[PDB]
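Let's start with one chain on its own, the form deposited in one PDB entry, as structure tokens.
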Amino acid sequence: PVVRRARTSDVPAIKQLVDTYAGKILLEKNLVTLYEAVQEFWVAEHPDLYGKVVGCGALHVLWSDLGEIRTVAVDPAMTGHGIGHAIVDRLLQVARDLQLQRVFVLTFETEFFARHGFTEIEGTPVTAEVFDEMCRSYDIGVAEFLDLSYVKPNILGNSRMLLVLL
């Protein structure tokens, strides 16, 4: 499973992957937001059809020592082949290369992420001072990490998970 940095030509395929699960499962992403985020997105290619994109994932930095895995989606016709886990592996190595100590994820796929050492947590693990700084973010994923009131209706039932990197 080859995982590589996304290119702008991958964005339509990424968009189709997100829309497949957008709603309760994945937070929506419109096209412009995906172009804007292309330098943090990664894609998995089909093993035998060169250059076809069957999965995507992004690592989003939240603070100096904290990152989040987000927008991990695998083509439903290509699941169960190691693609999801390979994307998470590469995204975690990005977090390491960026010298992050902790990675967050908000998800229903509790056991999938438990394979990588993520454990369920309660609350929001940042100081009160960092919490107030992060509230000025415009990114809705950040508000979901912060558990802000106006996104509470959209995330009910998700598990909050954290991985401390070695």
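Whichever C-alpha set is largest while still superposing within 1.5 Å between the two forms counts as the rigid core. Shifts are known only where both forms have a C-alpha. Residue numbers run from 1 along the displayed sequence.
Unshown form deposited in another entry; subsequent notes refer to it.
- Kindly specify the one residue in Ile121, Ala128, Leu98, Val32 whose Cα moves by 2 Å or more between the shown form and the other one, with superposition done on the rigid core. The listed residue whose C-alpha shifts by at least 2 Å is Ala128.
Q: Inspect the rigid-core superposition and answer whether the C-alpha of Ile140 shifts by 2 angstroms or more between the shown form and the other one.
A: The answer is yes, as the C-alpha of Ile140 shifts between the shown form and the other one by 2 Å or more after core alignment.
Look at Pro153 and decide if its Cα position differs by 2 Å or more between the shown form and the other one after superposing on the rigid core.
After core superposition, the C-alpha of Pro153 moves 2 Å or more between the shown form and the other one.
A 3 angstroms or greater change in CA distance between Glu68 and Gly141 is reported in the other entry. Closer or farther than in this form?
Here the pair is closer than in the other entry; there, farther apart.
Considering a change of 3 Å or more, are the Cα atoms of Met134 and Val103 closer or farther in the other entry than here? Compared with the form shown here, the C-alpha atoms of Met134 and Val103 sit farther apart in the other entry, by 3 Å or more.
With the two forms aligned on the rigid core, where do runs of 3 or more residues move by 2 angstroms or more at the CA atoms between the shown form and the other one?
That run whose C-alphas all shift by 2 Å or more is 124 to 157, the only one.
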